[PDB]
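Below you will find one chain, with nothing else, as structure tokens; this is the form solved without ligand HEM, and questions on how it binds or moves follow later.
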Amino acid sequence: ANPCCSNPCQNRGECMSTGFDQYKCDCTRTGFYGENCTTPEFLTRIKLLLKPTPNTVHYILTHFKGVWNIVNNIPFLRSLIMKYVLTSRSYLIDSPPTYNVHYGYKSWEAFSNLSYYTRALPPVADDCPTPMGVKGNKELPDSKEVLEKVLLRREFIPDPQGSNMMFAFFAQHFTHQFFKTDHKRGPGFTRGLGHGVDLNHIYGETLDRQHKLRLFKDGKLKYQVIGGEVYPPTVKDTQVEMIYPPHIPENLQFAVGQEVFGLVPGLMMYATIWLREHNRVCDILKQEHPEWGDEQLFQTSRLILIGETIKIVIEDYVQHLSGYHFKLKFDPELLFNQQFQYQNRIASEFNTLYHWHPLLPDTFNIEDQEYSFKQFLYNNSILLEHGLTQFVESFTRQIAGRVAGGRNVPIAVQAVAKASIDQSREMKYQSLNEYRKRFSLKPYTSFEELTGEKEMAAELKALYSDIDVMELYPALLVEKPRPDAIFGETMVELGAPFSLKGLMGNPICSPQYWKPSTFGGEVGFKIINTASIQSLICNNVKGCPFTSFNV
């Protein structure tokens, strides 16, 4: 019924109903004009030719290794390139934010209510004839069919980039601070009202939860010592709410910032490391500031660990993931002379993009064991038996699964994968091609172009019929990867602007915050600017074992 159901407005033009069967496109500042914002202005047509494809840019960044080696050691050049990466990506994101699951038009409710995930593309209206608008059948294909035909893992496909379990568990730990779905309200809602890197997965979302986790001396967090090793305190001791089955022994009911980190020993591993890191920084700051109280030591440590997290995410985590030969740099100063909004709202699609279910291995190899999923879930005793040292060494060696390329989702989490499809439809996501156009990508013209092969493409075609009806989430997993890479084009071009906007959008990246005195002097500041995934383990893991995000 809604005339905007076909998504007629192109090039990020805004559709508005002007009657019962009439619409108008707002091409304001789109660089286009006309009824559908399809007719390019003069300067627009020029930029369209000079601007290369994402695959071309990706190729350059992943080749000419010797050339980039020169670039990386030239500060002025490295800064200029990183600056371009930051600016060009962030312009894809609406900031301040616009739509959510309940509003396909802008409203104060959609802007002010922080309980919502925001939306890069508005939902398909309720009165639309088809789930994707007007294209496709009355109903999308069976989610179970799609899951089994092109998603479920037949044989474990390893990651050509060699991402290890240290990478996988960092990804889940890191992103669990801003993807906290409020299942009470629905998939379009979040409990992470901070909408970014606040480290609530360490310090708790609320003040009362924080205060229960704090020692209230020397700025430190509460902890217990088992076998000489520092671990998070217990539920019984702190009285913070954690999610554990009732049979878990008291000393194994670890109390941490995120209530679900007791689900996975891998998550509790990083939880322990960051806990130790916080208290380590507390020791450092106190030595520098013996005149400081417990409150200032705690708050200053937190700001430092926020910095450390962002530093590691960019220069180690993303650096590995991208496959670039360019040395990515975390440097807030790059944006000081640029137009940039220091704020962020977590996008529902970014949560969807991050559903990297194929990442998970068949078994979790630790030391000389090979635990299954049923053995791994809610079993922190594995963490205590082997210790952090053994965990780091084991997880650095074990390879993870390939996300794109189709047919690699372990059946142990098939219910979760199916839910990603269902909840995407429930939230009325637009199609793959509409999201591709939203991020300046060419729409696929066939399922074979999408997957790069014939077998899976044929199964998809029998299911969806029209390529313009292909869903975003399943496509991400079946997409034709980049040459010897973990991801396809769509995963990167969509996720990277969500990511960098959330990293650099942090208030500690703003010029008033990005000062040494903010972090307790040059000593605190250096901890941030020298942070790495290696030093974090070296500075929290016994014996200081080697580690990286690849095998």
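In this text, the rigid core denotes the largest set of C-alpha atoms whose superposition between the two forms falls within 1.5 Å. Start at 1 with the first residue shown and count on from there.
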Any chance you could tell me whether 444-452 or 243-251 drifts more in 6 other deposited structures of this protein, judged by RMS CA distance from this form after superposing on the core? 243-251
After fitting on the rigid core, pick out whichever of 332-340 or 86-94 shows the bigger RMS C-alpha deviation in 6 other deposited structures of this protein. 86-94
Mind pulling up the entry and telling me whether 85-93 or 364-372 has the higher mean Cα temperature factor? 364-372
Which wins on mean Cα temperature factor, 191-199 or 465-473? 465-473
Per the deposited entry, the peak Cα B-factor within the set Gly219, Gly257, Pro232, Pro246 goes to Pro246
Among the candidates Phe340, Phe76, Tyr103, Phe111, give the one with the maximum CA B-factor reported in the record. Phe76
Relative to the other modelled residues in the chain, which third contains the C-alpha temperature factor of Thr44: lowest, middle or highest? highest
So, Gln287's CA B-factor, relative to its chain, sits in which third? The middle
Splitting the chain's C-alpha B-factors into thirds, which one does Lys501 fall into? lowest
When the deposited Cα B-factors of this chain's modelled residues are ordered and cut into thirds, is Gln22 in the lowest, the middle or the highest one? highest
Within this chain, which third does the Cα B-factor at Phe174 fall in: lowest, middle or highest? lowest
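The following text describes the form solved in complex with ligand HEM, which does not appear among the structures shown.
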For ligand HEM, considered in the entry with it bound: do all three of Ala171, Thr181 and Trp356 come within 4.5 Å of it, counting heavy atoms only? yes
Heavy atoms within 4.5 Å of ligand HEM in the entry with it bound: which stretch in 228-236, 162-170, 118-126, 279-287 meets that? 162-170
In the entry with it bound, which of the listed residues (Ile399, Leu360, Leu140, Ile273) lies with a heavy atom within 4.5 Å of ligand HEM? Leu360
Heavy atom within 4.5 Å of ligand HEM in the entry with it bound, from candidates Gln423, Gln253, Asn200, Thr300, belongs to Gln423
With the partner left out of view, is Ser394 within 4.5 angstroms of ligand HEM in the entry with it bound by any non-hydrogen atom? no
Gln390 near ligand HEM in the entry with it bound, any heavy atom under 4.5 Å? no
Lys222 within 4.5 Å of ligand HEM in the entry with it bound, heavy atoms: no
4.5 Å heavy atom contact, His176 and ligand HEM in the entry with it bound: yes
